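Chemist: What follows is a single structure, and I will ask about it in a moment.
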Amino acid sequence: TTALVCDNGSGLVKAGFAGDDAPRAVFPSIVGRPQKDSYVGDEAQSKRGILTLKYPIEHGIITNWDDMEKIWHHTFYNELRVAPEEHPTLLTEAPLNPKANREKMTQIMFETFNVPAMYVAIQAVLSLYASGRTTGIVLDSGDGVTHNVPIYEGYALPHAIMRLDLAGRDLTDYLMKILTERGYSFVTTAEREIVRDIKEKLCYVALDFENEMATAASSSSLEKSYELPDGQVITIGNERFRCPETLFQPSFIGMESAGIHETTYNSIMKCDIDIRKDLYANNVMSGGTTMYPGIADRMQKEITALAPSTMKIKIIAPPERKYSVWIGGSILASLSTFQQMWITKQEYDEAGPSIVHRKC
Ligand SMILES: CCC(=O)O[C@H](CCOCc1ccccc1)[C@@H](C)[C@H](O)[C@@H](C)CCC(=O)[C@H](C)[C@H](OC(C)=O)[C@H](C)CCN(C)C=O
Ligand SMILES: Nc1ncnc2c1ncn2[C@@H]1O[C@H](COP(=O)(O)OP(=O)(O)O)[C@@H](O)[C@H]1O
Ligand SMILES: [Ca+2]
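The sequence shown runs 7 to 40, 51 to 376 under the UniProt record's numbering.
In structure tokens form, the structure reads like this:
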């Protein structure tokens with residue numbers, strides 16, 4: 007038998023088998039309900065007109081357990097084709113996921129899917145493992161939420177975790193907006209899926225945002241063309257970098273919040289002076305919203321301006337960081353040493369859902 011790894015994302019569930027290269031299944035974390053009573057994933061948004069879409073894991077934390085039960089059922093069966101009772105299951109959780117939450121995750125796995133063994137891991141922590149580190153600060157930016165998670169000797173430091181409710185979804189919505197100002201009209205849900213493609217293929221982070229704005233304002237050198245599905249060809253200029261600039265200037269979208277460079281900085285400063293140098297030198301970036309070109313070089317710049325002038329700063333941005341969290345779980349669950357760390361069904365029958373407070 008082989009173990010299972012399920013990354014419960016705010017936008018995309020990444021599912022597969024421990025030991026594997028990448029996730030075997032990647033689909034939207036959406037539950038639709040009005051020839052069935054509930055659809056999950058891709059076909060849930062295809063029939064979005066006849067269904068009511070639910071977002072049970074937005075902002076990282078699971079809010080509806082009936083919806084989430086449907087996603088897990090759709091994952092074991094309709095996506096991975098496995099008997100959950102035959103395979104141990106590793107679930108991921110958001111940073112600062114409360115105790116009452118982990119317990120219900122553990123309860124469902126054993127009572128509703130009857131797994132033989134399970135475990136819950138922090139997503140940021142797994143990403144760091146995937147980069148071959150047990151120490152360093154992770155910037156996880158996904159669909160619905162962004163996190164700074166400093167980690168030392170293999171464990172997250174909850175005290176210094178920063179949560180920023182601004183991510184790829186908000187940038188999609190912003191790009192739709194500034195493209196509609198440009199002269200187009202990207203308003204409908206089907207046009208959101210299109211503007212999301214544009215975002216992922218033509219946007220980048222400007223090293224000097226001030227300079228790029230002025231470059232695009234006096235030359236066509238930063239313009240690209242994008243063909244829409246109906247054949248129409250549109251042109252995108254400064255919108256390419258104004259979109260992900262929002263990560264650094266959340267005021268673009270109307271947030272009083274700080275940029276991802278500041279939350280990274282502020283996160284390190286909450287950590288003990290001894291380990292700060294290790295963190296500065298090990299910024300590992302995780303999640304789809306960190307896939308922009310030149311975002312690493314920008315973090316390299318912005319942190320340097322915030323850190324002590326002597327401080328050695330390195331930004332690690334792995335090419336596979338879109339599945340960094342998943343790959344990490346797949347590595348963790350592949351260790352022999354980790355096998356005793358599973359919560360077994362016997363251990364659950366004897367101590368109940370509160371066993372997860374001593375194992376995870
Ligand atoms: C592609 C593989 C890879 O990236 O390698 C990583 C670093 C190791 O370097 C090479 C190596 C690997 C094995 C043997 C010798 C040398 C691995 C090993 C990671 O750092 C990671 C998977 C290790 C996990 C741990 O050591 C943590 C801290 C502990 O887990 C176990 C199995 O002992 C810890 C008890 C759990 C902490 N945790 C998950 C907190 O949330
Ligand atoms: N190459 C890319 N460039 C920019 N954004 C991307 C890219 N790939 C994925 N994304 C964005 O990342 C988000 C998905 O990230 P993910 O880490 O799966 O989120 P979560 O795991 O929190 O659900 C989506 O909003 C998507 O638009
Ligand atoms: Ca994620």
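Beta carbons are placed, not taken as given, at the ideal position from N, Cα and C, and that holds for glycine.
Where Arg97 and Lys20 are concerned, what is the direct C-alpha to C-alpha distance, given to the nearest angstrom?
Modeler: 15 angstroms
Chemist: Quick one: residues in its chain with C-beta nearer than 8 angstroms to the C-beta of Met192, no 5 flanking neighbours on either side, listed in chain order?
Modeler: So the list reads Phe202, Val203, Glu207, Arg208 and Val211, once near-sequence residues are dropped.
Chemist: Just list the beta strand (DSSP E) runs in the stretch 286-346, keeping only unbroken ones of 3 residues or longer that don't cross its boundaries, in chain order.
Modeler: Whole beta strand (DSSP E) segments, 3+ residues: 299-302.
Chemist: How would you call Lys63, buried or exposed, if buried means at least 16 neighbouring beta carbons within 10 angstroms?
Modeler: exposed
Chemist: How many Å lie between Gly344 and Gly303 at the Cα?
Modeler: 12 angstroms
Chemist: Which residues in the same chain as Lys361 place their Cβ atom closer than 8 angstroms to its Cβ, once the five residues preceding and following it in sequence are excluded?
Modeler: Taking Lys361 as the centre and dropping the five residues before and after it, the same chain places the C-beta of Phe126, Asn130, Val131, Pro132 and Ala133 closer than 8 angstroms to its C-beta, in chain order.
Chemist: Just confirm the distance between the C-beta atoms of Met301 and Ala323, as a whole number of angstroms; I'd bet it's less than 8 angstroms.
Modeler: About 17 angstroms; that fails the 8 angstroms criterion.
Chemist: State the DSSP-derived secondary structure class of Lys215, mapped to helix, strand or coil.
Modeler: helix
Chemist: Given 7 angstroms as the limit, tell me if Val341 has its C-beta closer than that to any heavy atom belonging to ligand 3.
Modeler: yes
Chemist: Mapping the DSSP letters down to three states, classify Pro266 as helix, strand or coil.
Modeler: Here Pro266 sits in helix by DSSP.
Chemist: Tell me the DSSP secondary structure of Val372 in three-state form.
Modeler: Three-state DSSP puts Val372 in a helix.
Chemist: Can you grab the Cα-Cα spacing for the pair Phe23 / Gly184, in whole Å?
Modeler: 26 angstroms
Chemist: Measuring CA to CA, which of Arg39, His75, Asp58 and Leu106 is closest to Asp83?
Modeler: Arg39
Chemist: Does the pairing of the stretch 115-124 with the stretch 26-39 give three or more beta-carbon distances under 8 angstroms?
Modeler: no
Chemist: Going by the beta-carbon positions, is the gap between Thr108 and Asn14 smaller than 8 angstroms?
Modeler: yes
Chemist: What are the partner residues of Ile73, as DSSP defines its beta bridges?
Modeler: DSSP lists no partner for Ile73.
Chemist: Can you tell me whether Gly57 sits near ligand 3, meaning its C-beta is under 7 angstroms from at least one heavy atom of the ligand?
Modeler: no
Chemist: So does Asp156 have its beta carbon nearer than 7 angstroms to some heavy atom of ligand 3?
Modeler: yes
Chemist: State the Cα-Cα distance for the pair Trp358 and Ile291, rounded to the nearest angstrom.
Modeler: 30 angstroms
Chemist: Residue range of the alpha helix (DSSP H) that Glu85 falls in?
Modeler: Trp81 to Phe92
Chemist: Have a look at the DSSP bridge pairing and note the partners of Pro111.
Modeler: None, per the DSSP bridge assignment.
Chemist: Count the other CB atoms within 10 Å of the CB of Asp159; is the residue buried (16 or more) or exposed (fewer)?
Modeler: buried
Chemist: To the nearest angstrom, how far is it from the Cα of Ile289 to the Cα of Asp189?
Modeler: If I take the Cα positions, the gap works out to 39 angstroms.
Chemist: Tell me which residues share the same chain as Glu102 and place their Cβ nearer than 6 angstroms to its Cβ, disregarding the 5 neighbours each side in the sequence.
Modeler: Counting only Cβ-Cβ distances below 6 angstroms, and skipping sequence neighbours, we find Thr7.
Chemist: Can you find the residues in the same chain that come closer than 6 angstroms, C-beta to C-beta, to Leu142, ignoring five residues on each side of it along the sequence?
Modeler: The answer, listed in chain order, is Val341, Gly344 and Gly345.
Chemist: How close, in whole Å, do the beta carbons of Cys12 and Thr128 come, if the pair is a contact with beta carbons under 8 angstroms?
Modeler: With 8 angstroms as the limit, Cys12 and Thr128 do not qualify as a contact, their Cβ atoms being about 14 angstroms apart.
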